[PDB]
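To keep things clear, I will list the structure first and then write my remarks on it.
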Amino acid sequence: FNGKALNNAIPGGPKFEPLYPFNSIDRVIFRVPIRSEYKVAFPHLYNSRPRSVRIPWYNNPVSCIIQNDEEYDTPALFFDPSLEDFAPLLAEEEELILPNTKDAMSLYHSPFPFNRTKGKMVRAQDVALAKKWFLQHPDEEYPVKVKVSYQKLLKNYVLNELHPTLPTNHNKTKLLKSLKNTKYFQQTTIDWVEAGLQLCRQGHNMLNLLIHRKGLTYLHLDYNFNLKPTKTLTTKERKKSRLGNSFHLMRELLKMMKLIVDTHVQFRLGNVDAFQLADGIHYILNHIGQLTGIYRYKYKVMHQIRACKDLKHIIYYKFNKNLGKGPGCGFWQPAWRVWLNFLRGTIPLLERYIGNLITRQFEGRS
Amino acid sequence: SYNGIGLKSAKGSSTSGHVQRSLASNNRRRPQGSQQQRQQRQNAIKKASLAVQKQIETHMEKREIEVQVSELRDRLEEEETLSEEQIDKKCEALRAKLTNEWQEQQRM
Amino acid sequence: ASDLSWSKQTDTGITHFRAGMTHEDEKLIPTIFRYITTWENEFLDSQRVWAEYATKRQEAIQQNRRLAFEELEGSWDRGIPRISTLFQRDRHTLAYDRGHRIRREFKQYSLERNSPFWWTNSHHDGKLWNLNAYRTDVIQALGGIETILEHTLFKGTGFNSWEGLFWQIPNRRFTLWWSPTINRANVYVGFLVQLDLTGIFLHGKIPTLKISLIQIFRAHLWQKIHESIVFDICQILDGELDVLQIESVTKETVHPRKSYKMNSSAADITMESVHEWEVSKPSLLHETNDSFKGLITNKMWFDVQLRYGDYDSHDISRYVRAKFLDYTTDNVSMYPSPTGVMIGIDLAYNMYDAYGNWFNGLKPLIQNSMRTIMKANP
Amino acid sequence: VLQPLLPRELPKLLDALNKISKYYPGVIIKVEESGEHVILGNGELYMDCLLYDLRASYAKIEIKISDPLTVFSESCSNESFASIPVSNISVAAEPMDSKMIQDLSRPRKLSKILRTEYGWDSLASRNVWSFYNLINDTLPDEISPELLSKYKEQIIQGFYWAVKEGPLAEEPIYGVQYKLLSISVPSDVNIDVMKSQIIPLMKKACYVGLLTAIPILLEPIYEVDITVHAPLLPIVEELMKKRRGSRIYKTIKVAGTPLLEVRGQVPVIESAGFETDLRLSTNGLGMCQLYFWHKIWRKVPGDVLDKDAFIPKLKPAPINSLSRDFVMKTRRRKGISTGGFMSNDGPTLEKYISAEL
Amino acid sequence: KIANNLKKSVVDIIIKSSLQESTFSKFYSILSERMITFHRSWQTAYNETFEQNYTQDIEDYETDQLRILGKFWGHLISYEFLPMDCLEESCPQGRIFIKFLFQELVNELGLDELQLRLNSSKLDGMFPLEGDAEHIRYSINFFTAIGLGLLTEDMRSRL
RNA sequence: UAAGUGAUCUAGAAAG
RNA sequence: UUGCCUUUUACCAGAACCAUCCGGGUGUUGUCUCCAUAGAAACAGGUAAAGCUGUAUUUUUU
Ligand SMILES: O=P(O)(O)O[C@H]1[C@H](OP(=O)(O)O)[C@@H](OP(=O)(O)O)[C@H](OP(=O)(O)O)[C@@H](OP(=O)(O)O)[C@H]1OP(=O)(O)O
Ligand SMILES: [Mg+2]
């Protein structure tokens, strides 16, 4: 935040758009070459004219000595000092250490995920397997592009941290809950693949219904949600058929979905191995740009795409340390998380957009 | 930006905004050590090059006498000389003996 | 880019270099500034050469001769004004053009297209620069002529040599020339689409390029090419029917789509044999050591696989192999035998290649065939 | 050194400063002649905290700030060779004994005895003292005969002014004796007009003495405390090398843990972002500290009163050029010097005896 | 990151590039200075390149190119070499290169100053004091071609 | 008492 | 407020404001489910088990 607020980017981390648009050489004595690192450390002192600047932490030296294996309670890494019938407490407890306490100590020193032995669940989505890599420092001498990726990720993270989006509480009537309340929905336990395929079928029927309703039957939807015109279009017809950024965006989301669901189908239809599936899914998520022109219609999706790219760059180079190059990495989690959050963002937007669209289809335009 | 030296930000510039340190910086870091012989020669070219002293000497001399006086004071105040006459007498003696010796010095 | 806060106070020695106009795969493009004689040099130089001229003029006078440009060569291109101005085709006309600089200056106030080089005149001072050096150096610096054309669609035209080239319509040409580079396989977000009737996968729309390519393959040209090649192959087989023990060379009539359909492929020619053939394991054309396993075939198939490469996907062999063992081992568009042959032609580079199983003594015929067709298919 | 960003909001800062003073006891807040206020922090972090408090919750004003200067202190190396008097008073000086310095940083007969215990000094010099802050010895010859030498309270205050604002750059005097040698008091004079003369004249005398004493400038030194993991020990050494004038005195190995709580000494000038830099280099395994309770001043290397002196404008000045740079720069800061080009030097007649003859 | 092997080669290349141009550039001079300053190895390289030039390559050049080279060397000489100068017999183009160099030096430093500087140095081939039988005549003669003093003085000394 | 650690923006669709 | 640009969408990325959305917490009610399903046991003690205290020679009591 401080780096942001002063444009004093710490080179391992992010660099932002600037927050804004005596002291002569004759006077001062440049003995210490005053670095940027200091300008964020003691922001109010080394950096004159601070604005909107936070105060960081300051700290104690950590000597958490970790054990390698096959022993307990030993000074290893360090040096040693210069120089009426009753037993003590907890008698008849001969073994000082239990077989788990070697590990328990380790556990105790761990961070927030494992630290503790109870918790509330979180959504797979809500777990950030990838945040902990790029929040901590980049390991050693990755290619420039990966370093850039890291920086990009941090820039995102800081932004997210910085503009707290406090969720409004009064609206505790969810969409699904609302739907559940009515009679016209029932509920079943369906296989996720079944749900997918059914939703492709449903989505396809929806979009075709919409298009035909509009009148422009000459726009043939392919089952792969890749829209194209059947005939050469008369200018009038062409004008009519320029479907907007709502319909196309809907199509693109279904295209996205159709891909991953199709891959699952393939996997489960006996074609491809689970590793192959995982790689497939990963490929899809990291190449949503290249597999479905989502960016075309809603270009802010470039951020999402960029994020995915960054993740890939990060992941691969933690996935391919000793392992060589190649395509066979899976691990689709963080990218998947990105896409989920993009959908979260857009669900409102598409409810509005497609809402208005179908309203126009039904009610005339105002 | 980095150390008062990066581009404000990469937006605008229309470029990476990648910021190398030059390696002529080592030349600008040590040009005095590299071209020490330039100034050294110059320095070499110009490298060859009473009242106050008198005053100091005088101070030392009078000061010495005053030290004698002090010593007298010490001897008196410590070892059996509760009276003022003893002090004054001692001072007088110092003046006479001291300024005698110093008169001798003057003569020489 | 020196320390901006200090630099305002005093001049610094330049400490930190920022990257100006950068690029991925950074070929060090030379500037223009290095190829222009900096003014101070030009002026000291001018003083020298004019002094020399003066001296030689005196010599000429003494000797009573015309001081010809044979003697002053070398200094011809130097000095201000340029020595060339002494012996241009009409000094004795330009002698009476006094007040020239001022007139050039005041063209500013009396014209629409105010000249960019108001400050000098070539008649009076000569070429005050020369950037052929810049041209030459730049071409040398982009891997030479040789290497630039790998970016271009030069390979597509199929000249003997590039050296034999010499003797919104104008920019269309430009776009088409860098077709391969501009329509590139490796690309950021570009969504893949194919142009109509073709295998020209545009990685994100370009209008001009699309217009070009479509005009290039007007009259279903791609399809025609595909069918033509198939016909040729059939003819060849007919010719050499009894040599390779073939019962019947039938063409499996597919939709017109097949020519350019890329997700699937029905086989173009189906090859009914007389006896069982014992085809080799799948391999490329130029892969000589074809392994004859105990597997046999009563029937082969020949498929063509037209493609239009980029500056990134410009190997064909790999692609054709991929195509072969993609469509075989795919449960859409099955061939009558899983054993067969597949040809593919990179139309953008004239890089034929083929992969698949091999009947004994067949390979040479196919190699020769491809060589012939490429040399001259209509 | 604070200045408010807008002169319109100057009174607020003054009020703010007052509040800060009230709240932060360990802050000498000298209002410098220019208006540019000085704030003396204990160290870096404390100073920052002070500034934060000021700039956020008391002032709420944007504030120009000087890079962290250090309170230097003028002094001498040898005894003053000359004894040039002062007029419209000749004060000699010499370096206080290094044991006696320390003794000072924490009944005439008794004091005299003590002095003789400290440095075995003469009873004459023992009797005539009136020290502060360093030592004002009333040690001419006529002073015991004279009672013009009496009523030296005013004189002592003048001496206090000298101590406060030294000759070099209004930098306080430290570790220096002051042997008086004469006084230019004529017969008939009023004690108001005579005393008033002697006060600034005393300052002049002191300055003269300093000049003739081979004056040296003294920077302070933080005593350092660096706990680090043993494996990252030579890194610290390297860093110290990178810093100027930094000494490392004992690497006492802290028992039962990898920490080598090494004491050190960084000059207060060279120290800036030291903690932070150390932390960075050490990968956050080096929770370091700086502090200044010993009052262990030391000579800045290089000699004051040089013409050419140094090379750089931007780069840190060399070791042997340093003192001069500090002096001239500090004079500029304090507004004593005239423009860019100037010099610290003697304001006395005889052409300075033709520059030491 | 060029290793000590080719540093000399790099310097040679740089020199050749300089030669290719119409005239001597401050550019090349500054580059030379920077590299020289950097590491002792590059100083060595520049030196040895100089040796190569006056030894063997020098006589192949044309008066323009040669002149440029001389100028370049003069600029370097004025600061970042010692005036070590391995220099009657050899006067094809080398001597005129020398002329150019001297001209550059004089233009930069100054005449009297230059003399002082050289006086400080050894200067065996340029300024011999031991007569060697009408041999100083040669050097003296050559330096009279350009505006230089002290040749007369030298001859007086020698008789 | 004499070298080279490091900061690396973009990015494509519609309609005109 | 900048950037790409130049015509808008779509956008670049910062700001200040605000909203939407994906979710979360509790607490209380109610339902749904799976298990259940007793209208009386102490007192006198004994048996066994759980919670505290107990094991004079000067200031508490020898
Ligand atoms: O950096 P990007 O433009 O996103 O391209 C990357 C990158 O290729 P380049 O370095 O050639 O650009 C990766 O290569 P490495 O940096 O890892 O060597 C490669 O990753 P793999 O090496 O793991 O294949 C990956 O390819 P893929 O998507 O097949 O994983 C590929 O992405 P694109 O194929 O989308 O260009
Ligand atoms: Mg309009």
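Just remember, in the structure tokens the first chain shown is A, the second B, etc., residues are 1-based per chain, and ligands are 1-based in the order shown.
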Could you list, as a PyMOL selection string, every residue within 10 Å of residue 233 of chain C, counting only C-alpha atoms (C1' of nucleotides) and ignoring same-chain residues fewer than 3 positions away?
chain C and resi 227-230+236-239+249+268-269+302-304+366+369-370+373
Report as a VMD selection string all protein, DNA and RNA residues lying within 12 Å of segment 116-120 of chain A, evaluated on only C-alpha atoms (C1' of nucleotides), omitting residues in the same chain fewer than 4 positions from it.
(chain A and resid 104 to 112 126) or (chain G and resid 24 to 25)
Please, could you write that set of residues out with N, CA, C and O atoms (P, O5', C5', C4', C3', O3' and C1' of nucleotides) as a PDB file, in the first residue's frame?
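Produced file part.pdb, reproduced below:
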ATOM      1  N   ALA A 104       3.536 -32.578  16.552  1.00  0.00           N
ATOM      2  CA  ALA A 104       2.628 -31.597  17.110  1.00  0.00           C
ATOM      3  C   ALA A 104       3.280 -30.238  17.208  1.00  0.00           C
ATOM      4  O   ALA A 104       2.645 -29.235  16.858  1.00  0.00           O
ATOM      5  N   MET A 105       4.541 -30.228  17.646  1.00  0.00           N
ATOM      6  CA  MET A 105       5.326 -28.999  17.757  1.00  0.00           C
ATOM      7  C   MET A 105       5.417 -28.305  16.408  1.00  0.00           C
ATOM      8  O   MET A 105       5.205 -27.076  16.311  1.00  0.00           O
ATOM      9  N   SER A 106       5.711 -29.104  15.389  1.00  0.00           N
ATOM     10  CA  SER A 106       5.797 -28.616  14.003  1.00  0.00           C
ATOM     11  C   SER A 106       4.473 -27.972  13.589  1.00  0.00           C
ATOM     12  O   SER A 106       4.435 -26.883  13.013  1.00  0.00           O
ATOM     13  N   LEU A 107       3.409 -28.693  13.901  1.00  0.00           N
ATOM     14  CA  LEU A 107       2.034 -28.266  13.597  1.00  0.00           C
ATOM     15  C   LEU A 107       1.751 -26.928  14.256  1.00  0.00           C
ATOM     16  O   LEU A 107       1.198 -26.020  13.623  1.00  0.00           O
ATOM     17  N   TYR A 108       2.143 -26.826  15.521  1.00  0.00           N
ATOM     18  CA  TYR A 108       1.956 -25.632  16.335  1.00  0.00           C
ATOM     19  C   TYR A 108       2.642 -24.450  15.669  1.00  0.00           C
ATOM     20  O   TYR A 108       2.044 -23.354  15.551  1.00  0.00           O
ATOM     21  N   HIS A 109       3.868 -24.663  15.206  1.00  0.00           N
ATOM     22  CA  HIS A 109       4.534 -23.553  14.486  1.00  0.00           C
ATOM     23  C   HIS A 109       4.004 -23.193  13.091  1.00  0.00           C
ATOM     24  O   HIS A 109       4.327 -22.127  12.565  1.00  0.00           O
ATOM     25  N   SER A 110       3.184 -24.068  12.511  1.00  0.00           N
ATOM     26  CA  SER A 110       2.622 -23.849  11.180  1.00  0.00           C
ATOM     27  C   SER A 110       1.763 -22.587  11.090  1.00  0.00           C
ATOM     28  O   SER A 110       1.412 -22.000  12.113  1.00  0.00           O
ATOM     29  N   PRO A 111       1.420 -22.175   9.859  1.00  0.00           N
ATOM     30  CA  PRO A 111       0.496 -21.060   9.649  1.00  0.00           C
ATOM     31  C   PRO A 111      -0.978 -21.472   9.476  1.00  0.00           C
ATOM     32  O   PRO A 111      -1.292 -22.663   9.411  1.00  0.00           O
ATOM     33  N   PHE A 112      -1.837 -20.455   9.359  1.00  0.00           N
ATOM     34  CA  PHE A 112      -3.317 -20.528   9.499  1.00  0.00           C
ATOM     35  C   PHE A 112      -4.116 -21.740   8.979  1.00  0.00           C
ATOM     36  O   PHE A 112      -5.094 -22.149   9.611  1.00  0.00           O
ATOM     37  N   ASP A 126     -13.255 -20.696  -2.246  1.00  0.00           N
ATOM     38  CA  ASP A 126     -12.752 -19.824  -1.168  1.00  0.00           C
ATOM     39  C   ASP A 126     -11.349 -20.166  -0.639  1.00  0.00           C
ATOM     40  O   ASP A 126     -10.777 -19.366   0.096  1.00  0.00           O
TER      41      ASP A 126
ATOM     42  P     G G  24     -23.286 -19.497   2.361  1.00  0.00           P
ATOM     43  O5'   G G  24     -22.462 -18.784   3.516  1.00  0.00           O
ATOM     44  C5'   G G  24     -21.099 -19.158   3.760  1.00  0.00           C
ATOM     45  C4'   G G  24     -20.561 -18.430   4.964  1.00  0.00           C
ATOM     46  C3'   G G  24     -21.464 -18.386   6.179  1.00  0.00           C
ATOM     47  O3'   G G  24     -21.485 -19.661   6.796  1.00  0.00           O
ATOM     48  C1'   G G  24     -20.589 -16.244   5.831  1.00  0.00           C
ATOM     49  P     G G  25     -22.664 -20.035   7.797  1.00  0.00           P
ATOM     50  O5'   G G  25     -22.405 -19.043   9.011  1.00  0.00           O
ATOM     51  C5'   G G  25     -21.174 -19.142   9.748  1.00  0.00           C
ATOM     52  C4'   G G  25     -21.024 -17.969  10.679  1.00  0.00           C
ATOM     53  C3'   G G  25     -21.997 -17.921  11.839  1.00  0.00           C
ATOM     54  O3'   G G  25     -21.584 -18.745  12.904  1.00  0.00           O
ATOM     55  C1'   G G  25     -21.863 -15.796  10.860  1.00  0.00           C
TER      56        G G  25
END
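The list of residues with at least one atom within 7 Å of residue 27 of chain D, based on only C-alpha atoms (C1' of nucleotides) and without residues fewer than 4 positions apart in the same chain, reads residues 21, 39, 40 and 41 of chain D.
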Let me see the file: selected residues, C-alpha atoms, as an mmCIF file, in the first residue's frame.
data_model
loop_
_atom_site.group_PDB
_atom_site.id
_atom_site.type_symbol
_atom_site.label_atom_id
_atom_site.label_comp_id
_atom_site.auth_asym_id
_atom_site.auth_seq_id
_atom_site.Cartn_x
_atom_site.Cartn_y
_atom_site.Cartn_z
ATOM 1 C CA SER D 21 7.344 18.480 22.882
ATOM 2 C CA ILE D 39 13.633 18.225 15.575
ATOM 3 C CA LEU D 40 16.139 15.947 17.260
ATOM 4 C CA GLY D 41 14.808 12.409 17.492
#
Just want the 10 Å neighbourhood of residue 88 of chain B, counted on only C-alpha atoms (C1' of nucleotides), with same-chain residues fewer than 5 positions away dropped. Output as a list in words.
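Near residue 88 of chain B, the qualifying residues are residues 69, 72, 73, 83, 93 and 94 of chain B.
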Kindly save the residues from that selection, with N, CA and C atoms included, as a short mmCIF file (atom, residue, chain, number, x, y, z; two decimals), in the first residue's frame.
data_model
loop_
_atom_site.label_atom_id
_atom_site.label_comp_id
_atom_site.auth_asym_id
_atom_site.auth_seq_id
_atom_site.Cartn_x
_atom_site.Cartn_y
_atom_site.Cartn_z
N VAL B 69 52.54 29.20 42.87
CA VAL B 69 51.65 29.84 43.84
C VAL B 69 50.61 28.83 44.34
N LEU B 72 52.08 26.28 46.60
CA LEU B 72 52.22 26.93 47.91
C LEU B 72 50.89 26.85 48.68
N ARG B 73 49.82 27.19 47.97
CA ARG B 73 48.47 27.15 48.50
C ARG B 73 48.13 25.76 49.03
N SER B 83 45.97 30.15 59.04
CA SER B 83 45.96 31.60 58.89
C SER B 83 46.07 32.06 57.43
N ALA B 93 56.59 35.04 48.70
CA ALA B 93 57.82 34.26 48.54
C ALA B 93 57.95 33.76 47.11
N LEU B 94 56.85 33.23 46.62
CA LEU B 94 56.76 32.69 45.25
C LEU B 94 57.11 33.78 44.24
#
Please, which residues have at least one atom within 9 Å of an atom of ligand 2, using only C-alpha atoms (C1' of nucleotides) and all ligand atoms, listed as a PyMOL selection string?
(chain F and resi 16) or (chain G and resi 7-8)
Export C-alpha atoms (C1' of nucleotides) of the chosen residues as a PDB file, in the first residue's frame?
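Contents of result34.pdb, as written:
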ATOM      1  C1'   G F  16     -19.379   3.470 -37.416  1.00  0.00           C
TER       2        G F  16
ATOM      3  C1'   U G   7     -16.507   8.668 -32.909  1.00  0.00           C
ATOM      4  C1'   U G   8     -19.255   5.677 -29.247  1.00  0.00           C
TER       5        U G   8
END
Skip residue 41 of chain E itself and residues of its chain fewer than 3 positions away, then list as a PyMOL selection string all residues within 10 Å of it, counting only C-alpha atoms (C1' of nucleotides).
(chain E and resi 3-5+7-8+35-38+44-47) or (chain F and resi 3)
Ligand 1 neighbours within 12 Å using only C-alpha atoms (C1' of nucleotides) and all ligand atoms, as a VMD selection string
(chain A and resid 142 to 149 279 to 291 305 to 321 323 to 331) or (chain C and resid 24 to 25 184 to 191 203 312) or (chain F and resid 11)
Written file, previous selection with C-alpha atoms (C1' of nucleotides), as a PDB file, in the first residue's frame:
ATOM      1  CA  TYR A 142      12.934 -17.355 -12.819  1.00  0.00           C
ATOM      2  CA  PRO A 143      12.638 -15.956 -16.352  1.00  0.00           C
ATOM      3  CA  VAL A 144      11.710 -12.276 -16.540  1.00  0.00           C
ATOM      4  CA  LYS A 145       8.209 -13.136 -17.732  1.00  0.00           C
ATOM      5  CA  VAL A 146       7.467 -15.186 -14.626  1.00  0.00           C
ATOM      6  CA  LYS A 147       8.754 -12.368 -12.421  1.00  0.00           C
ATOM      7  CA  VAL A 148       6.415  -9.999 -14.256  1.00  0.00           C
ATOM      8  CA  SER A 149       3.578 -12.460 -13.656  1.00  0.00           C
ATOM      9  CA  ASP A 279      -4.481 -31.167 -18.184  1.00  0.00           C
ATOM     10  CA  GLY A 280      -7.425 -30.558 -20.513  1.00  0.00           C
ATOM     11  CA  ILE A 281      -9.326 -28.549 -17.905  1.00  0.00           C
ATOM     12  CA  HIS A 282      -6.184 -26.594 -17.058  1.00  0.00           C
ATOM     13  CA  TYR A 283      -5.597 -25.865 -20.739  1.00  0.00           C
ATOM     14  CA  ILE A 284      -9.173 -24.637 -21.087  1.00  0.00           C
ATOM     15  CA  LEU A 285      -8.898 -22.324 -18.105  1.00  0.00           C
ATOM     16  CA  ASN A 286      -5.551 -20.897 -19.085  1.00  0.00           C
ATOM     17  CA  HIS A 287      -6.674 -20.496 -22.706  1.00  0.00           C
ATOM     18  CA  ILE A 288     -10.181 -19.231 -22.310  1.00  0.00           C
ATOM     19  CA  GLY A 289      -9.064 -16.280 -24.442  1.00  0.00           C
ATOM     20  CA  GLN A 290      -7.743 -18.599 -27.133  1.00  0.00           C
ATOM     21  CA  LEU A 291     -10.769 -21.001 -26.947  1.00  0.00           C
ATOM     22  CA  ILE A 305      -7.197 -13.933 -18.845  1.00  0.00           C
ATOM     23  CA  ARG A 306      -4.038 -12.130 -17.737  1.00  0.00           C
ATOM     24  CA  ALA A 307      -4.481 -13.470 -14.209  1.00  0.00           C
ATOM     25  CA  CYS A 308      -4.815 -16.996 -15.570  1.00  0.00           C
ATOM     26  CA  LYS A 309      -1.675 -16.539 -17.660  1.00  0.00           C
ATOM     27  CA  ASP A 310       0.185 -15.330 -14.575  1.00  0.00           C
ATOM     28  CA  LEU A 311      -1.026 -18.345 -12.605  1.00  0.00           C
ATOM     29  CA  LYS A 312       0.152 -20.668 -15.365  1.00  0.00           C
ATOM     30  CA  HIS A 313       3.556 -18.984 -15.347  1.00  0.00           C
ATOM     31  CA  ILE A 314       3.735 -19.261 -11.564  1.00  0.00           C
ATOM     32  CA  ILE A 315       2.355 -22.789 -11.392  1.00  0.00           C
ATOM     33  CA  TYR A 316       4.382 -24.318 -14.127  1.00  0.00           C
ATOM     34  CA  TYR A 317       7.654 -23.002 -12.737  1.00  0.00           C
ATOM     35  CA  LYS A 318       6.793 -24.422  -9.297  1.00  0.00           C
ATOM     36  CA  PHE A 319       5.532 -27.543 -11.110  1.00  0.00           C
ATOM     37  CA  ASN A 320       8.612 -27.881 -13.338  1.00  0.00           C
ATOM     38  CA  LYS A 321      11.548 -27.343 -10.952  1.00  0.00           C
ATOM     39  CA  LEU A 323      10.880 -31.870 -14.070  1.00  0.00           C
ATOM     40  CA  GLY A 324      11.602 -30.671 -17.629  1.00  0.00           C
ATOM     41  CA  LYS A 325       9.313 -28.836 -20.077  1.00  0.00           C
ATOM     42  CA  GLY A 326       6.110 -30.125 -21.675  1.00  0.00           C
ATOM     43  CA  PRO A 327       2.300 -29.853 -21.578  1.00  0.00           C
ATOM     44  CA  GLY A 328       1.362 -32.541 -19.029  1.00  0.00           C
ATOM     45  CA  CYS A 329       0.767 -30.378 -15.926  1.00  0.00           C
ATOM     46  CA  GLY A 330      -2.775 -30.292 -14.595  1.00  0.00           C
ATOM     47  CA  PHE A 331      -3.558 -28.346 -11.414  1.00  0.00           C
TER      48      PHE A 331
ATOM     49  CA  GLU C  24       9.858  -9.482 -27.418  1.00  0.00           C
ATOM     50  CA  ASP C  25      12.667 -11.203 -29.352  1.00  0.00           C
ATOM     51  CA  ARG C 184       0.500 -16.151 -36.124  1.00  0.00           C
ATOM     52  CA  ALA C 185      -0.057 -19.363 -34.219  1.00  0.00           C
ATOM     53  CA  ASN C 186       1.605 -18.258 -30.980  1.00  0.00           C
ATOM     54  CA  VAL C 187      -0.485 -15.311 -29.949  1.00  0.00           C
ATOM     55  CA  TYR C 188      -1.971 -13.800 -26.783  1.00  0.00           C
ATOM     56  CA  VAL C 189      -5.819 -13.932 -26.507  1.00  0.00           C
ATOM     57  CA  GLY C 190      -6.869 -14.177 -30.167  1.00  0.00           C
ATOM     58  CA  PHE C 191      -9.827 -16.553 -30.597  1.00  0.00           C
ATOM     59  CA  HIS C 203      -5.983 -16.279 -34.592  1.00  0.00           C
ATOM     60  CA  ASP C 312       5.128 -20.270 -36.074  1.00  0.00           C
TER      61      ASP C 312
ATOM     62  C1'   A F  11      -2.465  -7.675 -26.196  1.00  0.00           C
TER      63        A F  11
END
Select, as a VMD selection string, those residues of chain G with any atom no more than 7 Å from chain A (distances computed using only C-alpha atoms (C1' of nucleotides)).
chain G and resid 10 to 11 13 to 14 20 to 22
Output the contact residues of chain C with respect to chain D at a cut-off of 12 Å, based on only C-alpha atoms, as a VMD selection string.
chain C and resid 2 to 3 5 to 7 9 to 15
Can you write just those residues out, N, CA, C and O atoms, as a JSON list (two decimals), in the first residue's frame?
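What landed in selection-v5.json:
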[["chain", "number", "residue", "atom", "x", "y", "z"],
["C", 2, "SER", "N", 17.89, 9.28, -15.43],
["C", 2, "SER", "CA", 18.59, 9.53, -14.17],
["C", 2, "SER", "C", 17.61, 9.94, -13.08],
["C", 2, "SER", "O", 16.41, 10.14, -13.34],
["C", 3, "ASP", "N", 18.13, 10.07, -11.86],
["C", 3, "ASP", "CA", 17.31, 10.35, -10.68],
["C", 3, "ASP", "C", 16.53, 11.65, -10.81],
["C", 3, "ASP", "O", 17.09, 12.73, -10.62],
["C", 5, "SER", "N", 14.39, 13.52, -9.23],
["C", 5, "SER", "CA", 14.38, 14.54, -8.17],
["C", 5, "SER", "C", 15.73, 15.28, -8.01],
["C", 5, "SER", "O", 15.74, 16.47, -7.69],
["C", 6, "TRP", "N", 16.83, 14.57, -8.22],
["C", 6, "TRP", "CA", 18.18, 15.15, -8.18],
["C", 6, "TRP", "C", 18.48, 15.88, -9.48],
["C", 6, "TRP", "O", 18.97, 17.01, -9.48],
["C", 7, "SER", "N", 18.19, 15.21, -10.59],
["C", 7, "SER", "CA", 18.42, 15.74, -11.94],
["C", 7, "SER", "C", 17.85, 17.13, -12.13],
["C", 7, "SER", "O", 18.44, 17.93, -12.84],
["C", 9, "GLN", "N", 17.77, 19.44, -9.85],
["C", 9, "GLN", "CA", 18.72, 20.35, -9.19],
["C", 9, "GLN", "C", 20.00, 20.49, -10.01],
["C", 9, "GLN", "O", 20.29, 21.58, -10.50],
["C", 10, "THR", "N", 20.76, 19.41, -10.15],
["C", 10, "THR", "CA", 21.99, 19.45, -10.95],
["C", 10, "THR", "C", 21.96, 18.40, -12.02],
["C", 10, "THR", "O", 21.25, 17.39, -11.90],
["C", 11, "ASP", "N", 22.74, 18.64, -13.07],
["C", 11, "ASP", "CA", 23.01, 17.61, -14.08],
["C", 11, "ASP", "C", 23.71, 16.45, -13.40],
["C", 11, "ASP", "O", 24.64, 16.64, -12.60],
["C", 12, "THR", "N", 23.23, 15.24, -13.67],
["C", 12, "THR", "CA", 23.86, 14.03, -13.18],
["C", 12, "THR", "C", 24.59, 13.43, -14.35],
["C", 12, "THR", "O", 24.27, 13.73, -15.51],
["C", 13, "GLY", "N", 25.56, 12.59, -14.05],
["C", 13, "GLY", "CA", 26.02, 11.61, -15.02],
["C", 13, "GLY", "C", 24.85, 10.66, -15.16],
["C", 13, "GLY", "O", 24.20, 10.33, -14.17],
["C", 14, "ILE", "N", 24.56, 10.25, -16.39],
["C", 14, "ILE", "CA", 23.49, 9.28, -16.61],
["C", 14, "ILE", "C", 23.83, 7.98, -15.87],
["C", 14, "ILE", "O", 24.93, 7.43, -16.02],
["C", 15, "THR", "N", 22.92, 7.55, -15.01],
["C", 15, "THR", "CA", 23.14, 6.43, -14.12],
["C", 15, "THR", "C", 22.30, 5.26, -14.53],
["C", 15, "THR", "O", 22.82, 4.16, -14.69]]
Can you write out as a Markdown table which residues of chain B fall within 12 Å of chain G, alongside each residue's closest atom pair and its distance in Å to one decimal, counting only C-alpha atoms (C1' of nucleotides) and ordering rows by chain and ascending residue number?
| residue | atom | partner | partner_atom | distance |
| --- | --- | --- | --- | --- |
| B:9 | CA | G:13 | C1' | 10.6 |
| B:10 | CA | G:3 | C1' | 9.7 |
| B:11 | CA | G:3 | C1' | 5.9 |
| B:12 | CA | G:3 | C1' | 5.5 |
| B:13 | CA | G:3 | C1' | 9.1 |
| B:14 | CA | G:3 | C1' | 8.8 |
| B:15 | CA | G:3 | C1' | 11.8 |
